Amino acid sequence: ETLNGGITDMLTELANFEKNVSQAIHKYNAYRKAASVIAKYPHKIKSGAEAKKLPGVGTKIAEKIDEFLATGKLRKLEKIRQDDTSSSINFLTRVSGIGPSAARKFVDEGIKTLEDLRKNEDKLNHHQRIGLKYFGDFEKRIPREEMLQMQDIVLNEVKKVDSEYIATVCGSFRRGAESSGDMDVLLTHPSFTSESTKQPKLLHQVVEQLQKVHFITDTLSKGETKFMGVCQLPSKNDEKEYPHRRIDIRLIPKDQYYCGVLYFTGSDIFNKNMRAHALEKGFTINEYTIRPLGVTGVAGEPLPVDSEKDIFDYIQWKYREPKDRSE
DNA sequence: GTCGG
DNA sequence: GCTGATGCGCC
DNA sequence: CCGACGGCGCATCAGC
Ligand SMILES: Nc1ccn([C@H]2C[C@H](O)[C@@H](COP(=O)(O)OP(=O)(O)OP(=O)(O)O)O2)c(=O)n1
Ligand SMILES: [Cl-]
Ligand SMILES: [Cl-]
Ligand SMILES: [Mg+2]
Ligand SMILES: [Mg+2]
Ligand code: NA
Ligand code: NA
Ligand code: NA
């Protein structure tokens with residue numbers, strides 16, 4: 001039981017319908033902003049009107065909140081749940097590497113279930129095949145206890161490649177979450193800055209060492225600065241194995257560490273809303289820089305940054321600890 | 001879907 | 001190959 | 001067919 005749990009689950013469910021079925025990404029974003037502001041609200045919502053006062057709730061969402069508050073359900077969602085087609089499209093998007101577009105296509109050709117995907121593996125790309133192979137594993141959360149073991153493995157192996165590397169586990173882990181959806185690792189090295197890429201293969205050396213020791217087991221995508229893949233803790237004899245887990249590693253210029261760690265710590269909705277506040281203050285924020293906004297459209301050169309807090313400072317936000325950036 | 005130019 | 005658009009994903 | 005909305009890495013396709 002969470003305070004306005006009913007409402008936020010309804011809106012979250014509709015968000016996912018819009019993104020996955022209607023391919024209406026802004027409606028997705030609207031529903032999520034509403035869910036977010038309502039989850040922050042410290043009172044029980046008693047009407048649509050009350051909700052309408054909040055930023056990002058308008059007429060239509062207020063009417064839905066009135067309906068749900070009177071009846072305990074939403075007709076629109078009942079119909080969507082009874083629609084086999086919608087339900088298949090939505091389910092398939094949960095496979096890593098099947099987005100809304102591929103899900104729709106698969107369903108159009110009558111591929112609607114996990115069994116159907118295994119029968120039509122030849123229709124899937126490498127990434128999708130891996131998402132399917134570990135589907136059950138990727139559904140499951142990682143207890144913090146395991147995240148700590150995984151961190152120890154990563155930091156130790158990284159140190160063995162070169163002790164000038166610094167690896168920081170971000171995402172929900174950094175936000176103090178008791179369980180995590182995956183492992184996000186921010187990487188820096190003194191040879192890679194906004195000025196110069198001096199050393200080649202900097203990210204590659206880490207990935208290959210983590211592969212050598214059989215921690216990283218599969219690669220979904222890979223470039224010079226981002227690794228997206230799979231890893232697994234070692235297990236003991238006749239102990240059942242650990243689930244395979246999703247891992248993301250991001251290599252950021254050392255001199256842009258605070259912008260990177262801010263981005264990688266999230267949450268996602270926090271980030272979008274911090275970046276949104278930046279815009280209405282005449283700045284733009286990415287994982288590399290905070291820049292002031294001109295007029296021609298263009299951003300100006302990066303502003304100096306010496307902490308996560310300095311970024312909040314530019315935009316008139318009081319600092320938020322990582323744990324206070326979750327939903 | 002909402003908000004604001 | 002390029003530029004630009006799309007589809008996958010990340011926080 | 002009021003348009004903006006947060007921003008970008010990697011992979012792949014279109015029209016050169
Ligand atoms: N668990 C199973 C069952 C059957 N098959 C085989 C038999 C067929 O050669 C092919 C599937 O053909 P179907 O058209 O029966 O499979 P569909 O998934 O299309 O049938 P449905 O309409 O029931 O979804 O795969 C399989 O690989 N695995
Ligand atoms: Cl939309
Ligand atoms: Cl920085
Ligand atoms: Mg994560
Ligand atoms: Mg996430
Ligand atoms: Na409102
Ligand atoms: Na997916
Ligand atoms: Na991740």
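Protein chains get the first letters and strands the later ones, always in sequence-line order, with residue 1 at the start of each.
- Within 4.0 Å of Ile252(A), counting heavy atoms only, lies no atom of the nucleic acid at all.
- Among the atoms of the strands shown, none is found under 4.0 Å from any heavy atom of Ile269(A).
- Here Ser179(A) pairs with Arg141(A) under the side-chain hydrogen bond (donor to acceptor under 3.5 Å, both in side chains) rule; sequence neighbours left out.
- At a threshold of 4.0 Å, the pair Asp268(A)-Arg32(A) counts as salt-bridged, since one of the basic side-chain nitrogens sits closer than that to a carboxylate oxygen.
- Using a 30° and 60° split on the angle between ring planes, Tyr41(A) and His43(A) fall in the perpendicular class, above 60°.
- A distance of about 10 Å separates the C1' atoms of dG3(D) and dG5(B), rounded to the whole Å.
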- [ ] Any chance you could list the contact pattern along nucleotides 1-11 of chain C? Use B for base contacts, S for sugar-phosphate-only contacts and - for none, protein heavy atoms under 4.0 Å, 5' to 3'.
- [x] ------SSSBB
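- Between the P atoms of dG6(D) and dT2(B), the separation comes to 15 Å (whole Å).
- Looking at heavy-atom distances under 4.0 Å, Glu18(A) makes no contact with the nucleic acid at all.
- Remark: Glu287(A) engages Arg250(A) in a salt bridge, criterion side-chain N to carboxylate O under 4.0 Å.
- For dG1(B), the torsion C1'-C2'-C3'-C4' is below zero, which places the sugar in the south, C2'-endo range.
- Considering all non-hydrogen atoms of both residues, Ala167(A) and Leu187(A) come closest at CB-CD1, 4.1 Å.
- Mapping heavy-atom proximity under 4.0 Å, the span of DNA chain B touched by chain A runs 5' to 3' from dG1(B) to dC3(B).
- Here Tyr31(A) lies in heavy-atom contact (under 4.0 Å) with sugar-phosphate atoms only.
- Protein chain A contacts DNA chain D from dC5(D) to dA11(D), reading 5' to 3' and using non-hydrogen atoms of the protein with a distance under 4.0 Å.
- Using atom P as the reference point in both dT6(C) and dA4(D), the two lie 15 Å apart (nearest Å).
- With a 3.5 Å limit on both pairing distances and Watson-Crick or G-U wobble geometry required, the stems of 3 or more pairs in DNA chain B span B:1-4 with D:2-5.
- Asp83(A) has no carboxylate O lying under 4.0 Å from a charged side-chain N of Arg81(A), or vice versa, which leaves the two without a salt bridge.
- Ionic pairing of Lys76(A) and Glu67(A) is not present here: no N-O contact between side-chain nitrogen and carboxylate oxygen is shorter than 4.0 angstrom.
- A salt bridge between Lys119(A) and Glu115(A) is present, with a side-chain N of the basic residue lying under 4.0 Å from a carboxylate O of the acidic one.
- Among the heavy atoms of the strands lying under 4.0 Å from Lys222(A) are primed sugar atoms or P, OP1, OP2 only; no base atom is included.
- For the pair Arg144(A) and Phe173(A), the distance from NZ or CZ to the six-membered ring centre is under 6.0 Å and the angle to the ring normal is within 45 degrees.
- Stacking status of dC8(C) with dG9(C): stacked, per the base-ring test of centres under 5.5 Å and planes under 30°.
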Open item on the list: Between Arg291(A) and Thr284(A), does the side-chain hydrogen bond (donor to acceptor under 3.5 Å, both in side chains) criterion hold? Intermediate values first, please.
Closed with: CA-CA 5 Å; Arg291(A) 300 157 181 273; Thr284(A) 180; over 6 Å; no
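- For the pair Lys201(A) and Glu224(A), the salt-bridge criterion is not met [side-chain N within less than 4.0 Å of a carboxylate O].
- With respect to the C1'-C2'-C3'-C4' torsion, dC8(C) shows a north sugar, the value lying on the positive side.
- Taking the six-membered ring for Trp and thresholds of 30 and 60 degrees, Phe312(A) and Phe270(A) have ring planes inclined between 30 and 60 degrees apart.
- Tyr288(A) comes within 4.0 angstrom of sugar-phosphate atoms only, judged by non-hydrogen atoms across all strands, and of no base.
- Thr265(A) contributes no side-chain N or O that, together with a main-chain N or O of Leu262(A), makes up a donor-acceptor pair within less than 3.5 Å.
- Comparing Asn286(A) and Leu220(A) by the nucleotide of DNA chain D whose heavy atom lies nearest to each, the residue mapping closer to the 5' end is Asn286(A).
- Residue pairs meeting the salt bridge (charged side-chain N to carboxylate O under 4.0 Å, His left out) criterion with at least one member in residues 230-240 of chain A, sequence neighbours excluded, do not occur.
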